[PDB]
Amino acid sequence: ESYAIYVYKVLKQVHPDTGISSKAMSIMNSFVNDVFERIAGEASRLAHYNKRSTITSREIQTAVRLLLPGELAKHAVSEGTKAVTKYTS
Amino acid sequence: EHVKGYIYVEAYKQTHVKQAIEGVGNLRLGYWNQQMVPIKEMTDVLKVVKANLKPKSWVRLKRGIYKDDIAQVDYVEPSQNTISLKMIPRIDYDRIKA
Amino acid sequence: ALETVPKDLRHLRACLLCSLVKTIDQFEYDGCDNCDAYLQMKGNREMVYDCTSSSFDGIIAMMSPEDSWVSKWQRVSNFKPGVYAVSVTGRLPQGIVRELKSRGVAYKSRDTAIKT
Amino acid sequence: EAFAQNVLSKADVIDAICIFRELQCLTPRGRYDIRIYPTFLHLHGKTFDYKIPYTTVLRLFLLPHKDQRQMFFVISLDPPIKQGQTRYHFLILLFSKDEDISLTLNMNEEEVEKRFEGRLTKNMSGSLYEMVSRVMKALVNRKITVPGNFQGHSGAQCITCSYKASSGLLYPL
Amino acid sequence: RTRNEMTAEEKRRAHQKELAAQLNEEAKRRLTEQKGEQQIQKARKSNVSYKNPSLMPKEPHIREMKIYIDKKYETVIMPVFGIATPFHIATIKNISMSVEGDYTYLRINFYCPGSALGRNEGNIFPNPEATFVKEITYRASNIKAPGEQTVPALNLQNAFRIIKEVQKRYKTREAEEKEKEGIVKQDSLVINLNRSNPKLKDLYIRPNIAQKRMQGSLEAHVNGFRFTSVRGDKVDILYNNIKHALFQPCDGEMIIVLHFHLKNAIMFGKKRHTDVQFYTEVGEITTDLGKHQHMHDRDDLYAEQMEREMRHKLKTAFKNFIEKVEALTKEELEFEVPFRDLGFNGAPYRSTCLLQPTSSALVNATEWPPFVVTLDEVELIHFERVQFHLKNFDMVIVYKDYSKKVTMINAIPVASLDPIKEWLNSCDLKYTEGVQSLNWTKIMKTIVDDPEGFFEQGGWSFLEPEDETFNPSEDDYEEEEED
Amino acid sequence: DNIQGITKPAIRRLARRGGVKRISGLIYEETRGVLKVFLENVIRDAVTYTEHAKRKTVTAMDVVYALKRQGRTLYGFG
Amino acid sequence: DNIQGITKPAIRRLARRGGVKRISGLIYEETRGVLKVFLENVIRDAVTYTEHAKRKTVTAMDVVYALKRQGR
Amino acid sequence: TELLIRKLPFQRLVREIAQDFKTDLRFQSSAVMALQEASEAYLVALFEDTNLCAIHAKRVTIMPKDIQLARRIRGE
Amino acid sequence: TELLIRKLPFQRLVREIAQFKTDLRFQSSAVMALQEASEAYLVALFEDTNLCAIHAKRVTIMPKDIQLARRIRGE
Ligand SMILES: [Zn+2]
C-alpha cells in the first residue's frame, strides 16, 4: 500500500487545477514514508530517554522540532496543535 | 647554588658517609675529614635570598657594549635561547667611527 | 627509580605543587609522577609549560621522606622519592587552581624563600 | 630501416647484454631505457644519462603497491649518482603486473651458462618486473629483498604515512 | 496553511527576459557593424651562425679540433672527423655531461620534429621532412697526459659551461625581444612640478621587479604613479592606463593591497605584466605559538592590541592615500572597495579562492596570479552542472569579444547559486542554466563563422529550454474497511 | 571478471558530470575498486534484510533499507 | 564577546597536539568560527531536549543526547 | 536524463557480487535499477570531492591519491 | 580528562551564545561534557586539516585547508 490517495487529495486541495506523474507520486510516497520513519525513530529515542511506555503529543512535537528546520518545524507544530485540538474537540 | 666548594649530607653517624663516599674519585680530596655543624644551622642552608626570572623586572648585563648597565625585561622566552630587553641606546648613530 | 632521576642537566623545569625537578623530555613523556590524575600534565608539553616553571632553585637528594626533617619541613612526606628543590617562584592560573580545591587538592605555595 | 641498411652496406659493424626501452622511473623521474653491461648499467634518458657500476649497488628491493596492482623495484646506490646539485641514493622503478615482455640476450647459450651459471637463458619471457629482478639478481649476486611477514589491516604489505611533507608508503622489510 | 513564501524570482525572470532581448539586439548590432575587419601579421626568420665562410673564426682550439664556442656570434663549432662543424646555439636543445672515472661524456641534443616539446612547438621547422641531427656525444679521457698541459675532459667541461652561458644569454635576449614586441608605448612620466604629491611608504610589489619582492614606496604624480624600491628601481603607471583600481582591506586578510588592472601592458623587470599590486603584511606565521610558550596578560593581549593598532593605522593610511589620489585627479581615477558579503568561493585558475564582486568588476587579488573580469565586457553567464545531486556547479563567462576564450570558474557551492544570480540580475547580466558541460570552444567558433545564421536560429537563446500517471481511478476511489 | 565491464567512457562521463576536467590513467581501476566495495556493502545489507524477512529474492524495498542504513536515502523505488 | 576571550594560546595547544607542525595567522579566526558553529548546533539540540524534559537546567545527560543525535 | 553506467555490465557485476556473497539469488529489475542509481549518485559525489581535493592541490588532473584523501576525510 | 580551553571563558561563551532561550542554567557536568566534545571535535578537524595540508604539500595549515576539510565532511 501507500499514501497515494491521500497525496492526491492534498494535491487537489492545494492546487485543484493540476496533476502529477507516476514518478512524482512515487517520490512523494517515498518522502512521506521517510518523514514518518524519521519522526517515529526520534520519538522512540525520546521515549526511551524519558523511560516512557507511550509516545505522546509532546514526544511528537519534540521529534518534529528536532528533525525539521526552524520555521518549517514551527509551522508543522502549529498545524499539529490545531489538528489535535479539533480532534479532542 | 650560592655556595661553590663543599656539599652537605644527611646522616646519623660519620662512618656512614665515610663508607658511602668510598671509591668515588671526585670527592677524594674531602675524604679524610668530616666536619659536623651545630643543630642551629639545620634551617639556614635552605634559605635563598631574592629562579630570578620574572617579566617586567630589572636585570644587568655582563657582555656586549652596555656593560654595568641596568635594563628592563620585556618578553621572556621559555625556549631558553634568547630574551628581549629594554635599554636606551648608547651608540653614536654612525658619525664618529670611520 | 631510573625514570625520575634527571638525565641531562640542560633544559630542566620544576613543578609548583610537589616540586618535582626533572628533564623536559621526562616531563613530556611521563610527566608529573607525584600528581598525575589531578593535573593531566602527561601527554603534552603544553600543560607542562602552563603549570611548571623553570624559575626554581635548590637541589636535594630526597630518598626517605617518611624519615627526614627536610621533608617534614618542606611538606613532601607524602610524596615519592626523587630530586626536589627548595624554592619555586610562580603561581597557577585561577582556572587551574580552583579545580584543585573543588576536587579536594590543597594548593600551597612551595616558594619557601624570602623576598628582600 | 632504409637508413640503417644503407649504413650497414658501407660500415663494418663488429655490446649490451639486454636493453629495456622506456621504464617508468620515480627517482629520477621520467622514462629511461636501461642497457646492461657485464660490470655496469647505462641509464639513458632523453637528455640526462647515468652509468651505475654493479660495484656501487648495495641492495635490490622488490615491493608491491598498496592497491596490489604495481611493483616497486628499488636499487640502493653507493656512491649516489649526482646530477648538478642533487644526489640520488636510490633508483626507484615502477612496473605493472600486467606488463609482460620477451627478452633475448646478446650472447650465446654456452657463454650465458658460463657467465650467469645457468641463472639466465638465451631467450626469456615473463612479467617485466620479474625479468628485471631476475636479471639484476643474476648480475649483482645480491639477493633481492622482499616484504616480510607483515600484513596491514587493509591487507596491503605497507602503511601509508607522511614524511618530510610528502605522502608515501612504508614497508616493513 | 502552507508557508506561502512568495518569489520575486518572477520579477527577476522578467528583468532577465528584458536583458536577454537587449543582449540579442546589441550583439546583432555589434556583429553587423563589425562585419569583419583588417588583421595584423608579422614575419620571422631562422638564426644563422655565419652568413659566409669568410666570417668563420680561426682559433687554436678549432685548429686542434676542440669544441669551440664563439660568443659574439653565438655559435658552437664541433669536430666531425677533421671538419669543424658549426651550429647556432638555437639549434641545441640542451646539453648534458657525465664523468665515468676513466672517461667523460658530453652529450648535445638539438631540436627536431617530435623533440620540439614545450613553448617551442610554435617553432615549426621550415622542412620537417628533412634529416635532423638529434644527438651528438663526445668522449674525453680524464687521465692527464704525461706532464702535458691540460686534460681532455677539462676542455669538455669548459665547453659545457660556456655553452650553458651562451644559451642562457641567447634565451634571455630572445625572451626580452619577444616580450617587447607588441607593447603600447606609454607617455613619459611628467616629473612632479607640483610640490605636494601624495605618497605612501612600505609596500611590497607583485610581480617582483628582481628575483624576490622589493620593499618600496609609492608616489602619486600628476599623470601616474611612481614606485621606487629601497634600492632605486623606478616603475611608472600612468593614470590613463589604469583600467580598474581595487582596494582590498585587511578585514579578514593577511595583506592590505592596492591592485591596478591596466588597459595595456607595462614592461618592468624585463617582463611585461597586466596586473600590479602594492601590499603590506599584517600577519604572523609560527610552528604553533611562538616556539616559546609563556604569554600571559602582558604580551599575548598586548600582541593582539599591537596587531589591531597596526591594522587600523594601515587602513587609515590607505584610505588617506586613496582620498588624496582622488582629490588630486579630480575623480579621474576612482578606487573600488570589493563587497566581501557578496563574495563566493570559486576556482578560476583551479585554486579555491574567494572571488569578490566590486561595483564594476569581479575581482580577487589576495591570491596570485590575480583574477579580474570587467562586467562592461561580459556578454552573458552560464551555470553548468546545476542539478539536484551535485553540490558544486561551474560558471562560464562569455565576453563580448568572441575572439577571446571564455572564463570558466569551477567548483562553486550550490548554496551560493541564488546569490550570484541576484548579483548578476542587479548588474544587468543575462544568466542561463545548463545541465551538462558544453564545448564552448566549438560554440564560439561556430558563432564567429555564422553570426547572422546564429541569430536567425535564435542567437544565445539556445541555452535556454511521454508517460501517463497513476491517477485516482475507480480502483483508487475504493473506501476503507469496517471497524 | 565483470568489474572491468564498467566502461572507461562510463567512468569518464560520471567524472564529467561531477566536475572533473582531466582524469588520470590510474583513476579507472581505483574507481572500479571503490564501486565494488560500495556495491558489496549494499548487497551485504540487502541480503541480511532478505534473510530477516525470509524472502527468496532481494527487493527494491530491501535495497532502499540498505541504502538508508548506509546513509544515502533513495526515493522513487519505494 | 567571549569568542575572542577563548585564548588563542588555547587553540594553538589544541592544534599542536598532533601533526600540526606549523600554523598560519588566520587559522585562529577560522577555528573560532568553526567552534562557534559546533557549539551553536549542540546547544540548540540540548535546549530542545531540556524544553522537552521541562527542566529549566541543561544537564550532562541532555548534552549526551544532543551529541548522539548529531552523531558525534 | 539518462543512465551513465552501462546497464548490462552493471547488472552483470551486481550478479557476480551477489553470487560471490550467496549463490542461487535473484534480484528484481527495480532492485537492480535502484542499485545502479545509488551507485551513480555515490560515484558522482565522490568525484565532486576528488575534484575539490585536486583543485586544492593546485592541479587539473585528478589522481588516485585525491580519491583516497576524499574517502578519508569523508570517513569510509 | 585533559582540557586546553579555559573553563571560565568557555562557560562565558556558552552562556553568551545560548541566548536562543534566555535564562537557562547549565550544570557543571553539562558544561564539562560540552567542553570535552568541543575539544575532541576541533582535534579531529585539525587532523583533517593536516591531512589536507600534507596533500597540498605544505607543512603549514592555512584557512583553506580547514575550509576544504569541512566542505568534504559536509558541515
Ligand atoms: Zn608537582
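Numbers in chain F track Swiss-Prot; the residues on display, in order, are 25-102.
Backbone N, Cα and C atoms are what each Cβ position is placed from, and that goes for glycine too.
Here's what Swiss-Prot has on this protein:
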type	residues	note
CROSSLNK	F:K32	UFM1 cross-link
CROSSLNK	F:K92	ubiquitin cross-link
MOD_RES	F:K32	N6-lactoyllysine
MOD_RES	F:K45	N6-propionyllysine
MOD_RES	F:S48	phosphoserine
MOD_RES	F:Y52	phosphotyrosine
MOD_RES	F:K78	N6-succinyllysine
MOD_RES	F:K78	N6-(2-hydroxyisobutyryl)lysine
MOD_RES	F:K80	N6-acetyllysine
MOD_RES	F:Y89	phosphotyrosine
MOD_RES	F:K92	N6-lactoyllysine
MOD_RES	F:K92	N6-butyryllysine
MOD_RES	F:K92	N6-glutaryllysine
MOD_RES	F:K92	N6-acetyllysine
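Feature annotations (Swiss-Prot) mapped to structure.
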{"residue": "F:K32", "record": "UFM1 cross-link", "Cβ contacts under 8 Å, 6 or more apart": "F:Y52"}
{"residue": "F:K45", "record": "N6-propionyllysine", "Cβ contacts under 8 Å, 6 or more apart": "none"}
{"residue": "F:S48", "record": "phosphoserine", "Cβ contacts under 8 Å, 6 or more apart": "none"}
{"residue": "F:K78", "record": "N6-succinyllysine", "Cβ contacts under 8 Å, 6 or more apart": "none"}
{"residue": "F:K80", "record": "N6-acetyllysine", "Cβ contacts under 8 Å, 6 or more apart": "none"}
{"residue": "F:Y89", "record": "phosphotyrosine", "Cβ contacts under 8 Å, 6 or more apart": "F:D69, F:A70, F:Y73"}
{"residue": "F:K92", "record": "ubiquitin cross-link", "Cβ contacts under 8 Å, 6 or more apart": "none"}
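Other Cβ atoms within 10 Å of the Cβ of F:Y52 (phosphotyrosine), summed over all protein chains shown, number 19. Proximity to chain E (Cβ-Cβ distance under 8 Å) holds for the following recorded positions out of F:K45, F:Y52, F:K92: F:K45.
In this entry, F:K45, F:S48 stand out among the modified residues F:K45, F:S48, F:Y89 as having a C-beta under 8 A from a C-beta of chain H.
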